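Following: one structure in structure tokens, then a few remarks.
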Amino acid sequence: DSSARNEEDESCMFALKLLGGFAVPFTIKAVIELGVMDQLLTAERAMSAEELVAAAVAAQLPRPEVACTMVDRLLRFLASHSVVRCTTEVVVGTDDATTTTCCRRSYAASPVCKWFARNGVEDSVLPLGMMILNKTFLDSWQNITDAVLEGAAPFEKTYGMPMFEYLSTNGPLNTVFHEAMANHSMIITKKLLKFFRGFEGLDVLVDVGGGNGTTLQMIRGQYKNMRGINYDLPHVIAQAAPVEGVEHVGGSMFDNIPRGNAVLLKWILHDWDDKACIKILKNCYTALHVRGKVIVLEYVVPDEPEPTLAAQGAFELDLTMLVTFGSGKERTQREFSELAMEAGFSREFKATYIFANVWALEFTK
Amino acid sequence: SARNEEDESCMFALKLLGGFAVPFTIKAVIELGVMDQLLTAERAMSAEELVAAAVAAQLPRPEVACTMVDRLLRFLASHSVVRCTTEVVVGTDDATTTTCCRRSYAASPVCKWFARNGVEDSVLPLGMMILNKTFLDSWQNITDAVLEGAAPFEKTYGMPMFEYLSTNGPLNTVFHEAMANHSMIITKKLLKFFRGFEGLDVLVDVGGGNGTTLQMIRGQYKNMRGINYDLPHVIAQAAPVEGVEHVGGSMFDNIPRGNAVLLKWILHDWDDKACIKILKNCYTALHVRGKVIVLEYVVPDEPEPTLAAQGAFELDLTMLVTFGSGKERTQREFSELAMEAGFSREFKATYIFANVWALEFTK
Ligand SMILES: Oc1ccc(/C=C/c2cc(O)cc(O)c2)cc1
Ligand SMILES: Oc1ccc(/C=C/c2cc(O)cc(O)c2)cc1
């Protein structure tokens, strides 16, 4: 039934592929939580499931042969998606701890897997991953329907309150959230220092929502004669250590913003609707002197839904903001400029690509 | 360059970690009625249009619902699930999320497989089970399950799936509707492309429900009788069907006699040992020159990075989550089950559709 038959078959499978695209993520999580991913990353040869379970899991196992075959099957699936490399050797006996009698598979990390390193943020996005895949946020996403009808945030529909509020009532999730944001912050700020030339010759710099990894410490680190101001809410500022060259200030960014030669908003704007954003940015306008600058660290969705990896990641972030916040959202270049102009800024705009979909966007007074 | 490589690699990592987003966005688009509307629409349609058409319910904040739906479809479009065309607005539209720009959306070919009112060529019922939160919650318990060498389903709910289905009518319905769904499609393609029902006097379907499947088949081979074997609970609720005797019993005890036995999505539920019990019972059941016909995916011998391979290893993992020792099998492994259970070193494989093969073993 030549070619018609295959088209139909391909299409059906593509349907199924889309409906099951969660499998990859959830299998990655489980391979990380077993320590099997860390072992891949420390390895200098390919390693079988048996070898990797013995290395990753110190504990006596109640059914060790089954835990091995299960890990084998998980890694076989990842391998089919190019997450791990897989090689196959002949028996010489009968080994029971692979899912195939004839043939033992041995696995090695792909380049990408380094970004799942547990040890430390030595170039890892794992703590961020731990948040992306936490029960609490994933439950929200399964409840978008009812949230859309109500015109509400799925988070809130599902937990009966705004995520931020929720975080103060649940320390475990709070920890996860702050660790994710510190994670992202660290990678981004490191890259900023390599690629971005907007911090030079600035006498004061205000960081909004930071303090504690500060980020200003890292920056001030490379601009010794730059002073910093760490603006965030009082609850958060009441927990800040005195830091060399950094004033900590407490207060709400909707009410006021401290004066500097530049202000920094990393992953702030995208949490809020245009109306709330314009309140915020106005407060930055009144803070700033003329010739000064707001520096915005955000993704920038393209004007159109292009099928590129970069684009897809940005629209995905958009949907995370949707789920998390509702009216929080990702923005185009154009859309950001329009916010800046409402809030008083001139028609002078700078955009510099940093890393991992994040741009530094600068508005001047 | 190693700045660019590093960039790409990082974004790759984030892609991998967030690939549930597509499925869950599709689910929502389906439950809103919006996907059905795309599928019936004559031209591209905006979010506003689609919400007005799909949603009967009084909307407390209609402009927000519309922008939310726009954003969903903008994301699907970036993944080639919907087609998206963008126009300049000459006025104030706040029911799409961009001031400058209204988008309009149309179905991609793929979307027909999400059609409601289930008809001919839809896998939606099966989709609704793939994405059911009862089933999906098990995938959050793989770590601890592996350690104990348990099935994540049981780790999560404290008993095997089939027993669990007796407790939850709603999920039972989901599961039955899904299996009937896929069985219907697969049976239709079988009747087109498979010749192994020619010349069979009796066919025994094991775990085929209300006999729908035997009905469809018998419909094209009128001189073929069927026997519908399943548990008594399942059978005592199954409607009379012309030319089909319904038999109640366990396939672990025995199997009614015939010329062939059908096993659709049975074997992959079970470990090697249980499968060999079942196949042995089939061997004794069959009169000589009889066959088992196995309708299952067939994993390749190696994790090849192909769309087909991926979908079979994905099914493998579903078995792993659902049953633990349930599993997908290579040709070679199927053959070894057949040889343990007494069948000859003789094996026939016919591709059907959607990664499913008809594998035949001869007594
Ligand atoms: O792409 C697909 C993804 C998932 C499935 C599920 C199949 C399935 C089959 C069973 O016999 C039991 C079960 O609990 C699940 C099929 C196709
Ligand atoms: O691949 C991904 C890349 C980045 C993110 C970021 C998420 C995020 C979530 C929030 O609740 C607040 C926030 O300010 C950021 C999630 C997935």
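To be explicit about the labels: the chains of the structure tokens are called A, B, and onward in the order shown, and within each one the residues are counted from 1, while ligands get numbers from 1 in the order they are shown.
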As a PyMOL selection string, could you give me every residue of chain B near chain A (at most 6 Å apart, counting only C-alpha atoms)?
chain B and resi 7+9+11+16-17+19-20+23+28+61+64-65+74-75+77-79+110+142-143+146-147+149+303-305+310+313+353-354
Preceding selection exported with N, CA and C atoms as a CSV table (one decimal), in the first residue's frame:
chain,number,residue,atom,x,y,z
B,7,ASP,N,26.9,27.1,25.1
B,7,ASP,CA,25.6,27.7,25.0
B,7,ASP,C,24.6,26.6,24.6
B,9,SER,N,24.7,23.4,24.4
B,9,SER,CA,24.7,22.3,25.2
B,9,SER,C,23.9,22.5,26.5
B,11,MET,N,21.5,24.8,26.7
B,11,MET,CA,20.1,24.8,26.3
B,11,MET,C,19.4,23.5,26.0
B,16,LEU,N,15.9,18.9,27.7
B,16,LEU,CA,15.7,17.6,28.1
B,16,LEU,C,14.9,17.5,29.4
B,17,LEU,N,15.2,18.4,30.3
B,17,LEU,CA,14.5,18.5,31.6
B,17,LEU,C,13.1,19.0,31.4
B,19,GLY,N,10.7,18.6,28.7
B,19,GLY,CA,10.0,18.0,27.6
B,19,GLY,C,8.5,17.5,27.9
B,20,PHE,N,8.1,17.5,29.2
B,20,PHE,CA,6.7,17.3,29.6
B,20,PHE,C,5.8,18.4,29.1
B,23,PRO,N,3.3,17.7,25.9
B,23,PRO,CA,2.2,16.9,26.3
B,23,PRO,C,1.1,17.6,27.1
B,28,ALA,N,-4.2,20.3,27.7
B,28,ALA,CA,-5.1,21.4,28.1
B,28,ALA,C,-5.9,22.0,26.9
B,61,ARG,N,-13.2,36.2,33.4
B,61,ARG,CA,-12.3,37.1,32.8
B,61,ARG,C,-11.9,36.6,31.4
B,64,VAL,N,-8.4,37.5,29.6
B,64,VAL,CA,-7.3,36.7,30.1
B,64,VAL,C,-7.3,35.2,29.6
B,65,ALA,N,-8.5,34.6,29.6
B,65,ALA,CA,-8.6,33.3,29.0
B,65,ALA,C,-8.0,33.3,27.6
B,74,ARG,N,0.8,29.5,20.7
B,74,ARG,CA,2.1,30.0,20.2
B,74,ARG,C,3.2,29.0,20.5
B,75,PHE,N,3.1,28.3,21.7
B,75,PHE,CA,4.2,27.4,22.0
B,75,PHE,C,4.0,26.1,21.2
B,77,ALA,N,2.9,25.9,18.3
B,77,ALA,CA,3.3,26.2,16.9
B,77,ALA,C,4.8,26.2,16.8
B,78,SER,N,5.5,26.5,17.9
B,78,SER,CA,7.0,26.5,17.8
B,78,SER,C,7.5,25.1,17.7
B,79,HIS,N,6.7,24.2,18.0
B,79,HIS,CA,6.9,22.7,17.9
B,79,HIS,C,6.2,22.1,16.7
B,110,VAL,N,-1.0,16.3,12.1
B,110,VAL,CA,-0.8,15.4,13.2
B,110,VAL,C,-2.1,15.5,14.1
B,142,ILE,N,10.0,6.6,40.5
B,142,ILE,CA,10.9,5.7,39.9
B,142,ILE,C,12.2,5.4,40.8
B,143,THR,N,12.8,6.5,41.3
B,143,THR,CA,14.0,6.4,42.1
B,143,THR,C,13.8,5.3,43.1
B,146,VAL,N,13.0,1.7,41.9
B,146,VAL,CA,14.2,0.9,41.5
B,146,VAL,C,15.0,0.4,42.7
B,147,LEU,N,15.2,1.2,43.7
B,147,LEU,CA,16.0,0.7,44.8
B,147,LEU,C,15.4,-0.6,45.4
B,149,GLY,N,13.6,-2.6,44.0
B,149,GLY,CA,13.3,-3.5,42.9
B,149,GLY,C,11.8,-3.7,42.7
B,303,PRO,N,19.8,0.5,21.1
B,303,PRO,CA,19.1,1.8,21.2
B,303,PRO,C,19.6,2.8,20.1
B,304,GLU,N,19.0,2.5,18.9
B,304,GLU,CA,19.2,3.4,17.8
B,304,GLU,C,18.4,4.6,18.0
B,305,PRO,N,19.0,5.8,17.6
B,305,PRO,CA,18.4,7.1,17.8
B,305,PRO,C,17.3,7.4,16.8
B,310,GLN,N,12.8,5.1,19.5
B,310,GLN,CA,12.4,5.9,20.7
B,310,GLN,C,11.1,5.6,21.3
B,313,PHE,N,11.2,2.2,23.1
B,313,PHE,CA,11.8,2.3,24.5
B,313,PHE,C,11.0,3.1,25.4
B,353,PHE,N,1.4,-1.3,12.0
B,353,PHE,CA,1.2,0.2,12.1
B,353,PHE,C,1.6,0.6,13.5
B,354,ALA,N,2.1,1.8,13.6
B,354,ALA,CA,2.3,2.5,14.9
B,354,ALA,C,3.3,1.7,15.8
**Study point:** All strand (DSSP E) residues (DSSP, backbone) inside region 180-215 of chain A, as a list in words
**Key:**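 Filtering region 180-215 of chain A down to strand (DSSP E) leaves residues 204, 205, 206, 207 and 208 of chain A.
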| field | Shell around region 242-252 of chain B at 10 Å using only C-alpha atoms, local window under 6 positions removed, as a PyMOL selection string | value | chain B and resi 202-207+209-212+214-215+218-219+222-236+274-282
Point to revise | Minimum-distance residue to ligand 2, chosen among B:6, B:14, B:155, B:266 (using only C-alpha atoms and all ligand atoms) | key: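 Between B:6, B:14, B:155, B:266, the residue approaching ligand 2 most closely is B:14.
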- Using only C-alpha atoms and all ligand atoms, which protein or nucleic acid residues are at most 10 Å from ligand 1, as a ChimeraX atom specification? /A:12-21,23 /B:123,126-127,129-131,135,153,161-162,175-176,178-179,182,264-270,296-297,310-323,326,354-356
Those same residues - N, CA and C atoms - I'd like them written as a compact mmCIF listing (two decimals), in the first residue's frame.
# COMPACT_ATOMS: atom_id res chain seq x y z
N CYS A 12 0.76 9.07 12.87
CA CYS A 12 0.29 8.45 14.09
C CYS A 12 1.33 8.38 15.18
N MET A 13 2.52 7.93 14.84
CA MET A 13 3.63 7.88 15.78
C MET A 13 4.04 9.24 16.31
N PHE A 14 3.94 10.26 15.49
CA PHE A 14 4.36 11.62 15.86
C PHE A 14 3.36 12.13 16.90
N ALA A 15 2.08 11.82 16.67
CA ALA A 15 1.05 12.09 17.69
C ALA A 15 1.45 11.51 19.04
N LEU A 16 1.84 10.22 19.02
CA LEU A 16 2.21 9.50 20.24
C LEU A 16 3.45 10.10 20.85
N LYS A 17 4.43 10.43 19.99
CA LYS A 17 5.64 11.08 20.49
C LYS A 17 5.29 12.33 21.30
N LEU A 18 4.35 13.18 20.77
CA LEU A 18 4.07 14.42 21.44
C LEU A 18 3.41 14.15 22.75
N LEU A 19 2.39 13.27 22.73
CA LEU A 19 1.70 12.90 23.99
C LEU A 19 2.64 12.24 25.02
N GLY A 20 3.85 11.72 24.66
CA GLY A 20 4.63 11.07 25.72
C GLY A 20 5.98 11.73 26.05
N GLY A 21 6.21 12.97 25.61
CA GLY A 21 7.48 13.67 25.68
C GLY A 21 7.97 13.97 27.11
N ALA A 23 8.45 11.50 29.24
CA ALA A 23 9.23 10.33 29.67
C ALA A 23 10.74 10.65 29.84
N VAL B 123 -6.37 8.81 18.49
CA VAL B 123 -5.78 7.99 19.55
C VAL B 123 -6.04 8.73 20.85
N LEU B 126 -6.66 6.82 24.09
CA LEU B 126 -5.33 6.32 24.54
C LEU B 126 -4.47 7.46 25.10
N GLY B 127 -4.50 8.61 24.45
CA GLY B 127 -3.88 9.81 24.99
C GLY B 127 -4.31 10.20 26.41
N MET B 129 -5.35 8.30 28.63
CA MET B 129 -4.73 7.41 29.63
C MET B 129 -3.20 7.66 29.80
N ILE B 130 -2.48 7.90 28.67
CA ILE B 130 -1.07 8.24 28.75
C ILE B 130 -0.89 9.39 29.74
N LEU B 131 -1.85 10.35 29.79
CA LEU B 131 -1.63 11.64 30.47
C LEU B 131 -2.49 11.77 31.70
N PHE B 135 -1.70 7.88 36.55
CA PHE B 135 -0.62 7.13 35.94
C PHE B 135 0.66 7.96 35.99
N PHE B 153 4.31 1.99 39.97
CA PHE B 153 2.91 2.02 40.29
C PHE B 153 2.63 1.51 41.70
N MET B 161 -1.39 -2.44 39.50
CA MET B 161 -2.35 -1.81 38.59
C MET B 161 -3.69 -2.52 38.39
N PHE B 162 -3.71 -3.78 38.05
CA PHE B 162 -5.00 -4.35 37.65
C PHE B 162 -5.90 -4.46 38.84
N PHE B 175 -8.80 3.29 31.26
CA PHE B 175 -7.92 2.22 30.81
C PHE B 175 -8.63 1.37 29.72
N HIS B 176 -9.87 0.94 29.98
CA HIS B 176 -10.59 0.11 29.02
C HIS B 176 -10.79 0.85 27.71
N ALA B 178 -9.02 3.27 26.40
CA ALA B 178 -7.74 3.37 25.78
C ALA B 178 -7.43 2.07 25.04
N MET B 179 -7.62 0.90 25.72
CA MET B 179 -7.19 -0.38 25.14
C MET B 179 -8.10 -0.72 23.93
N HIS B 182 -7.10 1.49 20.88
CA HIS B 182 -5.88 1.09 20.15
C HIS B 182 -6.16 -0.24 19.49
N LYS B 264 -2.90 -9.67 22.12
CA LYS B 264 -2.63 -8.26 21.87
C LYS B 264 -2.36 -7.55 23.20
N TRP B 265 -1.09 -7.07 23.30
CA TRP B 265 -0.66 -6.29 24.43
C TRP B 265 -0.89 -7.04 25.73
N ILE B 266 -0.66 -8.37 25.67
CA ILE B 266 -0.73 -9.24 26.85
C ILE B 266 0.67 -9.52 27.37
N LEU B 267 1.49 -10.10 26.52
CA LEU B 267 2.82 -10.53 26.91
C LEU B 267 3.64 -9.42 27.55
N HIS B 268 3.45 -8.19 27.10
CA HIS B 268 4.42 -7.18 27.50
C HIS B 268 4.11 -6.74 28.94
N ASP B 269 3.06 -7.29 29.53
CA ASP B 269 2.63 -6.94 30.88
C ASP B 269 3.37 -7.75 31.96
N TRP B 270 4.12 -8.79 31.50
CA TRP B 270 4.51 -9.92 32.32
C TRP B 270 6.00 -10.18 32.12
N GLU B 296 2.37 -6.79 19.40
CA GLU B 296 3.22 -6.07 20.33
C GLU B 296 4.22 -5.24 19.55
N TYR B 297 4.81 -4.26 20.27
CA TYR B 297 5.99 -3.58 19.76
C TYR B 297 7.17 -4.56 19.81
N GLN B 310 12.76 5.09 19.53
CA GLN B 310 12.45 5.90 20.72
C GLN B 310 11.08 5.56 21.29
N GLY B 311 10.14 5.33 20.39
CA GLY B 311 8.78 5.09 20.82
C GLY B 311 8.58 3.71 21.45
N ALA B 312 9.39 2.77 20.99
CA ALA B 312 9.38 1.47 21.62
C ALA B 312 10.08 1.50 22.98
N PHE B 313 11.22 2.17 23.13
CA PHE B 313 11.83 2.27 24.46
C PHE B 313 10.98 3.10 25.39
N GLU B 314 10.22 4.06 24.84
CA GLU B 314 9.28 4.80 25.68
C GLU B 314 8.16 3.87 26.24
N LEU B 315 7.67 2.99 25.33
CA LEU B 315 6.72 2.00 25.77
C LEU B 315 7.34 1.07 26.80
N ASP B 316 8.65 0.78 26.61
CA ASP B 316 9.30 -0.13 27.54
C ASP B 316 9.19 0.48 28.92
N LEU B 317 9.44 1.81 28.99
CA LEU B 317 9.53 2.43 30.29
C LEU B 317 8.16 2.46 30.95
N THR B 318 7.12 2.68 30.12
CA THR B 318 5.75 2.64 30.60
C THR B 318 5.44 1.28 31.24
N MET B 319 5.96 0.21 30.60
CA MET B 319 5.78 -1.10 31.20
C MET B 319 6.49 -1.16 32.54
N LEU B 320 7.74 -0.69 32.53
CA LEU B 320 8.56 -0.62 33.73
C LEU B 320 7.87 0.11 34.87
N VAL B 321 7.29 1.27 34.59
CA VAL B 321 6.59 2.06 35.60
C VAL B 321 5.33 1.34 36.11
N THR B 322 4.61 0.76 35.12
CA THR B 322 3.25 0.28 35.36
C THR B 322 3.31 -1.03 36.15
N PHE B 323 4.22 -1.94 35.71
CA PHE B 323 4.28 -3.33 36.18
C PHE B 323 5.62 -3.69 36.79
N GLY B 326 6.87 -6.25 33.79
CA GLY B 326 6.33 -6.03 32.45
C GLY B 326 7.43 -5.35 31.63
N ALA B 354 2.05 1.80 13.63
CA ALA B 354 2.35 2.47 14.88
C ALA B 354 3.28 1.66 15.78
N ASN B 355 4.34 1.07 15.18
CA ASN B 355 5.34 0.25 15.86
C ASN B 355 4.90 -1.15 16.29
N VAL B 356 3.60 -1.46 16.12
CA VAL B 356 3.05 -2.79 16.39
C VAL B 356 3.26 -3.75 15.23
For this session: Based on DSSP run over this structure's backbone, return all residues of region 33-222 of chain A in helix (DSSP H, G or I), as number ranges by chain.
Result: A: 33, 36-42, 49-56, 64-80, 111-116, 126-132, 135-149, 154-159, 163-169, 171-195, 216-222
| Hey, can you check how far CA of residue 72 (chain B) sits from CA of residue 141 (chain B)? |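 Pair CA of residue 72 (chain B) / CA of residue 141 (chain B) returns 28.4 Å.
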Restricting to only C-alpha atoms and all ligand atoms, whichever of B:13, B:45, B:57, B:358 is closest to ligand 2 is B:13
Give me the residues within 12 Å of residue 96 (chain B) as number ranges by chain, counting only C-alpha atoms and dropping any in the same chain fewer than 2 places off. B: 45-51, 62-74, 86-89, 92-94, 98-105
Write a file of the selected residues as a tab-separated table (two decimals), in the first residue's frame, keeping N, CA, C and O atoms.
chain	number	residue	atom	x	y	z
B	45	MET	N	-7.56	30.57	12.78
B	45	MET	CA	-8.43	31.15	13.77
B	45	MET	C	-7.65	31.62	14.99
B	45	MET	O	-6.78	30.96	15.50
B	46	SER	N	-8.03	32.75	15.49
B	46	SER	CA	-7.38	33.37	16.61
B	46	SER	C	-7.95	32.71	17.86
B	46	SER	O	-8.98	32.05	17.83
B	47	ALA	N	-7.26	33.00	18.96
B	47	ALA	CA	-7.55	32.49	20.28
B	47	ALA	C	-8.93	32.96	20.70
B	47	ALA	O	-9.68	32.18	21.21
B	48	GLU	N	-9.22	34.24	20.55
B	48	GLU	CA	-10.55	34.79	20.81
B	48	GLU	C	-11.63	33.97	20.10
B	48	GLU	O	-12.61	33.56	20.70
B	49	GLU	N	-11.44	33.71	18.79
B	49	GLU	CA	-12.40	33.03	17.97
B	49	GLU	C	-12.61	31.66	18.54
B	49	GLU	O	-13.73	31.18	18.73
B	50	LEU	N	-11.49	31.04	18.86
B	50	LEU	CA	-11.51	29.64	19.24
B	50	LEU	C	-12.14	29.46	20.62
B	50	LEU	O	-12.83	28.49	20.87
B	51	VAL	N	-11.87	30.36	21.55
B	51	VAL	CA	-12.50	30.32	22.86
B	51	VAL	C	-14.00	30.57	22.78
B	51	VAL	O	-14.75	29.82	23.42
B	62	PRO	N	-12.76	36.94	30.41
B	62	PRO	CA	-12.63	36.40	29.04
B	62	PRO	C	-11.34	36.83	28.28
B	62	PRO	O	-10.76	36.05	27.56
B	63	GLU	N	-10.87	38.08	28.44
B	63	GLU	CA	-9.68	38.61	27.79
B	63	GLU	C	-8.45	37.84	28.29
B	63	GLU	O	-7.57	37.45	27.48
B	64	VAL	N	-8.42	37.47	29.58
B	64	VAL	CA	-7.30	36.68	30.10
B	64	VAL	C	-7.31	35.25	29.61
B	64	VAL	O	-6.28	34.74	29.17
B	65	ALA	N	-8.46	34.59	29.65
B	65	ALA	CA	-8.56	33.28	29.01
B	65	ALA	C	-8.00	33.28	27.59
B	65	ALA	O	-7.31	32.35	27.19
B	66	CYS	N	-8.33	34.30	26.78
B	66	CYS	CA	-7.94	34.34	25.36
B	66	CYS	C	-6.45	34.48	25.26
B	66	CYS	O	-5.85	33.77	24.51
B	67	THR	N	-5.83	35.38	26.04
B	67	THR	CA	-4.39	35.55	25.93
B	67	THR	C	-3.65	34.28	26.40
B	67	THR	O	-2.59	33.86	25.86
B	68	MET	N	-4.24	33.61	27.38
B	68	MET	CA	-3.66	32.36	27.85
B	68	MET	C	-3.70	31.32	26.75
B	68	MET	O	-2.72	30.61	26.55
B	69	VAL	N	-4.82	31.24	26.03
B	69	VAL	CA	-4.92	30.25	24.97
B	69	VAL	C	-4.00	30.60	23.83
B	69	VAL	O	-3.37	29.72	23.24
B	70	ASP	N	-3.91	31.87	23.51
B	70	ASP	CA	-2.93	32.32	22.51
B	70	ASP	C	-1.53	31.79	22.86
B	70	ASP	O	-0.80	31.30	21.98
B	71	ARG	N	-1.16	31.87	24.14
B	71	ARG	CA	0.22	31.61	24.52
B	71	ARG	C	0.51	30.14	24.40
B	71	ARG	O	1.63	29.77	24.02
B	72	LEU	N	-0.53	29.33	24.74
B	72	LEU	CA	-0.46	27.88	24.57
B	72	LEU	C	-0.20	27.51	23.12
B	72	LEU	O	0.61	26.63	22.84
B	73	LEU	N	-0.93	28.14	22.23
B	73	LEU	CA	-0.90	27.76	20.84
B	73	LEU	C	0.35	28.33	20.22
B	73	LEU	O	0.88	27.73	19.29
B	74	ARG	N	0.81	29.50	20.72
B	74	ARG	CA	2.08	30.03	20.25
B	74	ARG	C	3.16	28.98	20.52
B	74	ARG	O	3.94	28.71	19.65
B	86	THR	N	0.41	35.58	11.34
B	86	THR	CA	0.43	36.75	12.19
B	86	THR	C	0.11	37.97	11.33
B	86	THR	O	0.69	38.14	10.28
B	87	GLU	N	-0.85	38.77	11.78
B	87	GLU	CA	-1.31	39.99	11.10
B	87	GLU	C	-1.13	41.25	11.95
B	87	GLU	O	-1.11	41.16	13.17
B	88	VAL	N	-1.05	42.42	11.31
B	88	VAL	CA	-1.10	43.70	12.03
B	88	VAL	C	-2.55	44.00	12.45
B	88	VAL	O	-3.46	43.82	11.64
B	89	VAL	N	-2.75	44.51	13.68
B	89	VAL	CA	-4.06	44.95	14.19
B	89	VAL	C	-4.19	46.46	13.93
B	89	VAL	O	-3.21	47.19	14.17
B	92	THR	N	-7.37	48.31	18.92
B	92	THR	CA	-6.84	47.78	20.19
B	92	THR	C	-7.33	46.33	20.42
B	92	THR	O	-8.45	46.15	20.91
B	93	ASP	N	-6.52	45.31	20.03
B	93	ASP	CA	-6.71	43.91	20.46
B	93	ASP	C	-5.84	43.55	21.68
B	93	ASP	O	-4.58	43.55	21.61
B	94	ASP	N	-6.54	43.28	22.79
B	94	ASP	CA	-6.01	42.73	24.04
B	94	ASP	C	-6.57	41.31	24.30
B	94	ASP	O	-6.73	40.96	25.48
B	98	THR	N	0.10	39.99	22.26
B	98	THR	CA	0.98	40.97	21.63
B	98	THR	C	0.03	42.12	21.22
B	98	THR	O	-1.09	41.87	20.72
B	99	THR	N	0.41	43.39	21.51
B	99	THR	CA	-0.41	44.55	21.11
B	99	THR	C	-0.48	44.69	19.58
B	99	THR	O	-1.58	44.87	19.05
B	100	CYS	N	0.70	44.57	18.90
B	100	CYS	CA	0.97	44.90	17.49
B	100	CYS	C	0.31	43.99	16.45
B	100	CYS	O	0.06	44.49	15.33
B	101	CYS	N	0.02	42.74	16.90
B	101	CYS	CA	0.13	41.44	16.24
B	101	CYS	C	-0.96	40.48	16.76
B	101	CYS	O	-0.86	40.00	17.91
B	102	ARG	N	-1.95	40.11	15.91
B	102	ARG	CA	-2.84	39.01	16.22
B	102	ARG	C	-2.33	37.75	15.51
B	102	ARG	O	-1.92	37.81	14.37
B	103	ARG	N	-2.31	36.62	16.21
B	103	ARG	CA	-1.99	35.36	15.56
B	103	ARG	C	-3.25	34.55	15.34
B	103	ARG	O	-4.21	34.63	16.16
B	104	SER	N	-3.19	33.75	14.26
B	104	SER	CA	-4.23	32.80	13.90
B	104	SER	C	-3.60	31.45	13.65
B	104	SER	O	-2.51	31.37	13.13
B	105	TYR	N	-4.34	30.41	14.03
B	105	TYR	CA	-3.81	29.09	14.16
B	105	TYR	C	-4.65	28.14	13.34
B	105	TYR	O	-5.85	28.32	13.23
Distance query residue 332 (chain B) at most 10 Å, only C-alpha atoms, self and fewer than 4 positions along chain excluded, as a list in words:
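These residues fall inside the cut-off: residues 100 and 102 of chain A; 298, 300, 301, 336, 337, 338 and 347 of chain B.
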### Query
residue 195 (chain A): which residues within 12 Å, counting only C-alpha atoms, same-chain residues fewer than 4 positions away excluded, as a list in words?
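Contacts, with the query itself left out: residues 188, 189, 190, 191, 199, 352, 353, 354, 355, 359 and 360 of chain A; 3 of chain B.
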Okay, now the selection with N, CA, C and O atoms, as a tab-separated table (two decimals), in the first residue's frame?
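Listed below is the output, again_17.tsv:
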chain	number	residue	atom	x	y	z
A	188	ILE	N	24.68	32.74	35.08
A	188	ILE	CA	24.47	33.90	34.25
A	188	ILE	C	25.46	35.02	34.61
A	188	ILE	O	26.08	35.64	33.74
A	189	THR	N	25.60	35.28	35.89
A	189	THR	CA	26.45	36.32	36.31
A	189	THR	C	27.90	36.01	35.90
A	189	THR	O	28.62	36.95	35.51
A	190	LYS	N	28.33	34.73	35.94
A	190	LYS	CA	29.69	34.43	35.56
A	190	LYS	C	29.92	34.83	34.10
A	190	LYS	O	30.96	35.40	33.76
A	191	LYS	N	28.96	34.51	33.26
A	191	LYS	CA	29.02	34.71	31.81
A	191	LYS	C	28.97	36.19	31.48
A	191	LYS	O	29.48	36.66	30.46
A	199	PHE	N	29.01	47.13	32.85
A	199	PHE	CA	29.21	47.45	34.24
A	199	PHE	C	30.36	48.41	34.46
A	199	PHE	O	30.59	48.83	35.59
A	352	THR	N	22.41	42.72	24.36
A	352	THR	CA	23.61	41.90	24.24
A	352	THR	C	23.28	40.46	24.66
A	352	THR	O	22.62	40.27	25.72
A	353	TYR	N	23.65	39.47	23.83
A	353	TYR	CA	23.30	38.08	24.18
A	353	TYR	C	24.29	37.62	25.24
A	353	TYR	O	25.48	37.89	25.12
A	354	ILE	N	23.78	36.94	26.28
A	354	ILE	CA	24.67	36.42	27.32
A	354	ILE	C	24.91	34.91	27.18
A	354	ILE	O	25.91	34.44	26.67
A	355	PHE	N	23.89	34.15	27.47
A	355	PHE	CA	24.03	32.73	27.58
A	355	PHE	C	22.65	32.15	27.86
A	355	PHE	O	21.88	32.73	28.67
A	359	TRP	N	19.42	37.54	27.51
A	359	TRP	CA	19.98	38.79	27.03
A	359	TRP	C	20.06	39.78	28.19
A	359	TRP	O	19.15	39.79	29.09
A	360	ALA	N	21.10	40.66	28.05
A	360	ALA	CA	21.10	41.92	28.75
A	360	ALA	C	20.57	43.02	27.83
A	360	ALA	O	21.24	43.40	26.81
B	3	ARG	N	32.39	28.76	23.36
B	3	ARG	CA	31.33	29.58	23.93
B	3	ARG	C	29.99	29.14	23.33
B	3	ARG	O	28.96	29.14	24.05
- In Å to one decimal, how far is CA of residue 197 (chain B) from CA of residue 185 (chain B)?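 Pair CA of residue 185 (chain B) / CA of residue 197 (chain B) returns 16.9 Å.
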Quote the spacing between CA of residue 51 (chain A) and CA of residue 38 (chain A) in Å to one decimal place.
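Taking CA of residue 51 (chain A) as the start and CA of residue 38 (chain A) as the end point, the length is 13.1 Å.
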Tell me which of A:223, A:267, A:166, A:196 sits closest to ligand 2, counting only C-alpha atoms and all ligand atoms.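 Result for the nearest residue to ligand 2: A:267.
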